[PDB]
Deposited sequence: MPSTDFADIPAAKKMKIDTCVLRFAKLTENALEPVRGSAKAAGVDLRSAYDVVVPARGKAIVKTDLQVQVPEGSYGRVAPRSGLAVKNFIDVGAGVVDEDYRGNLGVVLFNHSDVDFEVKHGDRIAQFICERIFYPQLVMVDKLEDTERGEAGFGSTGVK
């Protein structure tokens, strides 16, 4: 079985769903209304725990306001979130439900290796 599982830590978490037919992963949404102060930063939690498939990694990718920027493995049991950095002079309100990142499953593979003349 190759199954990605999420588990809500509180009633405030939202289910992760794909944004586009062609998106690389599913979007993570803010559990709370969070103000990121001007020139400040905030951790924005989803109130989701995640168990990625065995042997794989989940990368928290970007969906003004810089997101940091994280990768998890199958042992991770924390509450998924991002750190948002507000470079502007106006506070930024993240509302409950807002898309804050996408979560992409990835795995390392080992292809055959060769050198070539050109290409």
Missing segments of the deposited chain sequence, listed N- to C-terminal:
1 to 18, 82 to 88, 145 to 160
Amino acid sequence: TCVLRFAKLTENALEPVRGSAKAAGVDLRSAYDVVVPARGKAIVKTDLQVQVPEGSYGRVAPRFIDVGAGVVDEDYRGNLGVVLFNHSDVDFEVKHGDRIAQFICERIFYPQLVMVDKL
From here on, numbers count along this sequence of modelled residues.
Could you check which stretch, 13 to 21 or 106 to 114, carries the larger mean CA temperature factor in the entry?
13 to 21
Return whichever of 67 to 75 and 23 to 31 has the greater mean Cα B factor according to the PDB record.
67 to 75
Report the option among 50, 90, 94, 61 whose CA atom has the maximum B-factor in the deposited record.
61
Of the three thirds of its chain by CA temperature factor, lowest, middle or highest, which one includes residue 81?
highest
